[PDB]
Structure formats: structure tokens, C-alpha cells
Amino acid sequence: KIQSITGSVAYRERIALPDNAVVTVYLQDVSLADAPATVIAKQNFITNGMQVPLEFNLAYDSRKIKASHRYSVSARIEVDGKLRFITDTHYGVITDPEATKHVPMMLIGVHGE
């Protein structure tokens, strides 16, 4: 009834996350849109000392999955509500050729003015 995408969140920069960093991981149906805002599942957690690679376990309602649809996971890391890291590509899951259920994601570091 309940199934999961597992994986990790990492980045390449040699910098630590503060205890108040917030990780968000999303599962989306991207069959009809490359960047839908609607999600199938979404999890967020505080890092509070944890450092990359960070583990996640994203549960979802398996009934929401159709074999003919395309699904992807993405992730961001925020500090004080501002973006610090984000995935810049789709990570296909479930119905992709490798029937992927475990995703090591590599995020890009970002900043605003």
C-alpha cells in the first residue's frame, strides 16, 4: 500500500550545513509537464548536524502510480528560507528503464544577490 523512494542528497562544494538547514525532497508526475508544481509526495527535514550525503526515505501511496506515466524526484536545501542547493535535472524513478527506487541526488549550489 505504502512504497518508498530512498536516496541521498549531496553537493560537491566543501562547505558544511548549519544545524537549521532544511532539506525538501519531492516526487512528481512529469508525464504532461516538465516542471509541475503539484507533487505525489513531499518530505522535509532539518539537518541539525547531519552533513552530506544526507539520507531520505520518501513514502508514497502506491495507488497514485501508473505504469505508463513518467515520474521524477528533486530536492532543495534552504537556510533561513533562502535557497542554498537545488537539483537542476530530473531524476527518473519507478517507471524509468532501471525501475529506480534509490536515488543519489547531486545538488547545485546557488545564491541570490
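Just count from 1 along the sequence shown to find any residue number.
Engineer: Comparing 72 to 80 with 29 to 37, where is the mean C-alpha B-factor higher?
Structural biologist: Stretch with the greater average CA B-factor: 29 to 37.
Engineer: Quick one: say whether 97 to 105 or 20 to 28 has the higher mean Cα B-factor in the deposited entry.
Structural biologist: Taking the mean C-alpha B-factor of 97 to 105 and of 20 to 28, the larger value falls to 97 to 105.
Engineer: If you rank every modelled residue in this chain by C-alpha B factor, which third holds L58: lowest, middle or highest?
Structural biologist: For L58, the deposited C-alpha B-factor lands in the middle third.
Engineer: Splitting the chain's C-alpha B-factors into thirds, which one does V52 fall into?
Structural biologist: Ranked within chain, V52 CA B lands in the middle tercile.
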